[PDB]
Structures are given as structure tokens and as C-alpha cells.
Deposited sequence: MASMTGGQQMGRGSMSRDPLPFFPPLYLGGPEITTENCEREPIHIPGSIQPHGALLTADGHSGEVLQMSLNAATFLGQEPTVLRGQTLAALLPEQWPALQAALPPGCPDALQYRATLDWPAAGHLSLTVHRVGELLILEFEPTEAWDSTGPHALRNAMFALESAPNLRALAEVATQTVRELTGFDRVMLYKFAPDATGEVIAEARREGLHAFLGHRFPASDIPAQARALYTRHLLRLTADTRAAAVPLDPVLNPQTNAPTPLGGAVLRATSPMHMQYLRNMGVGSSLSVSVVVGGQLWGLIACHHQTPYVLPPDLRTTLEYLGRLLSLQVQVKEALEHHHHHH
């Protein structure tokens, strides 16, 4: 099963109970964005991140009464149609708001049962993606495909280190390709145990395909209330990219000397084949539109891995 989260007086996490940390319900988010939850029917704002006032420019109480209808007039019917009751928690809808306080915000919404989860992040506003797609497809074998993928991602993102991290049948991992800035250790060829990416994280990574830690020294921002009014239970944040990263996992990034980290799941035959895995030495908020490019690349790599593995077997 899982332990209760901390804020419901559950046990603190060690290296003895790695498999039972409820990484999906931390009750908090990373501070480079803001999150609201809301009722599926009424559009009634039920929870907000204590930092919402910053991003939205709204007097705190104003929000926690109001309706999405009021708050987001153009958007609220689109949401209603895009995310019908009963849809999967994996389905997401995005829009760009030109919002008074903040030039442009990206809005990302998904639905978990009766709750809409809304994420707001700063945003903005060429051929590198098309060029990359063809490059991946003409790679002659899996090894070269891995090399092209890591190089392409590094060029698109500027990340200090990009790796392709492949799982063995027992969930033992192996860096099979790596693109990195001069003057970093090389992780190429190394293997790491199956507990470094525990079971409940690999399950979540099979369904929700992209996660990041923008700053491995930043404090999480609580949800208020912490419990969902609807249920008097924890809000599932598994499909939110703003969800706070497991403190166990930021301590391993800090010990590695990483200040920022991103990963894309590569999913083949319904299973987690591997990860595109990025490091930055310093804090780094990759903007939403560039993340989208990596999300596309994730799908394309998933296709090409199968194609390429089929021409060996």
C-alpha cells in the first residue's frame, strides 16, 4: 500500500520504506507556478496554492469564492467540452491567457473525478522539431538513435546533461547515451539499482509522461486547504507537473550537484522502456512551449525505439 502523507501524520521517509512514499499526494507544488482546484460542475474554486496572489494578482479571498465562469469567461466552456466527466486523468487541455497582471500565462487543466486541476505558469509569444523528427527516423540503429535523441534534446534545451536511461527487465537502469557540457562527470555506461527509481514512481511514469524539478533547493508551496473539501481527502496531483517533487529525490539531486532536472518517459508496449533524463547545474524553469516539444519527442522516440528494436529481433 502507501503510508499516509506527512501532513496527515504518516511516517517520514527513509531508505527502508522507499516503495511506500505517496509521491502523488504531497499537498504542495513548486513555486514557479500556481495551482487552483475547482468543482467540475459549478466551476467553484475549492483549493489554491498559497502563492496564487502573486501570479494571478488577486486579493486572496477573492479567488476562493469565485467561479471559473467568472474568473475565466472565454475558457470555461472549452474546459467543459475538452474534459468531459469520466475522462482519464491523463487527458490535458492547454491555453495561453493574456492576463492583466502577467503578460502571458500558460494554463493546463486536467480532471480527476469531480475536480478540475488548473496550473498556471508564465509563458511567451521553429524547424528544429521537424529536423529532429527526420533525424531520429533515419538513425540506422538503436545506438545511433539514442545518440541523436540526447544531442537533439540538449540542443533544444541547453540542459547541462541529457541521457537516455534504459530499464533492464528487473528495473535496473543503464545510461546508454549521453550528451553533456564539457567538464561534467560522464554517466555513460553506468548502471544503477532498480530502487533508485522505485516501483510506485515507475507506475506513475507510465501514465504521466513528463516531470521536472525546476530548483532542487526551493521550498514547496502548500495547497490551502490541504484536503479537498469535496472528499475531505488529499487532492491527487499525479498528473500535475507543478506537483512538489519527493524530498527523498531532491536530496539525491542535491548530493549529485544538480540544480534542475527533467525527464520524459519512453513507453513501449504499455511498459516503461526508459527515460530521457536531463540535468542542469543551476535552477532552470523550462517554459511550457519548449516542454511540449520534448513531450512530442517522447512519443516519436517511443515509436522509433519499437521500429529499431524490431530490426534487430
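- Missing from the model relative to the deposited sequence are positions 1-20, 146-150, 339-343 (no C-alpha coordinates, numbering from 1).
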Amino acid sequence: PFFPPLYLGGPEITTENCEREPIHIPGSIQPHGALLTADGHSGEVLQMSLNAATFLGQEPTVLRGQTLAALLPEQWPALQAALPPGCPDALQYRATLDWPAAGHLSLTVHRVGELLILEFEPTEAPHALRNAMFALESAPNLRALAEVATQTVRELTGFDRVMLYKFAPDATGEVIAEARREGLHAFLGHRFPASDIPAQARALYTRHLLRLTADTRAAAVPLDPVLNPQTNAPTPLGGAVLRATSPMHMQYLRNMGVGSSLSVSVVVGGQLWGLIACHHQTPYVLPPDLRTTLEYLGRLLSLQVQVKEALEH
From here on, numbers count along this sequence of modelled residues.
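- The mean Cα B-factor in the deposited entry runs higher for 104-112 than for the other of 104-112 and 209-217.
- The PDB entry records a higher mean C-alpha B factor for 74-82 than for its counterpart among 189-197 and 74-82.
- Take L97, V153, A135, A144 and read off each C-alpha B-factor from the entry; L97 has the highest.
- When the C-alpha B factors of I25, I13, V305, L294 are read from the deposited coordinates, the top value falls at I13.
- Annotation for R64: CA B-factor lies in the highest third of the chain's modelled residues.
- Ranked within its chain, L275 lands in the lowest third, by CA B factor from the PDB record.
- Remark: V162 belongs to the lowest third of its chain, ranked by C-alpha B-factor as recorded.
- In the PDB entry, a CA B factor belonging to the lowest third of its chain's modelled residues is recorded for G259.
- The entry lists a Cα temperature factor for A53 that places it in the highest third of the chain's modelled residues.
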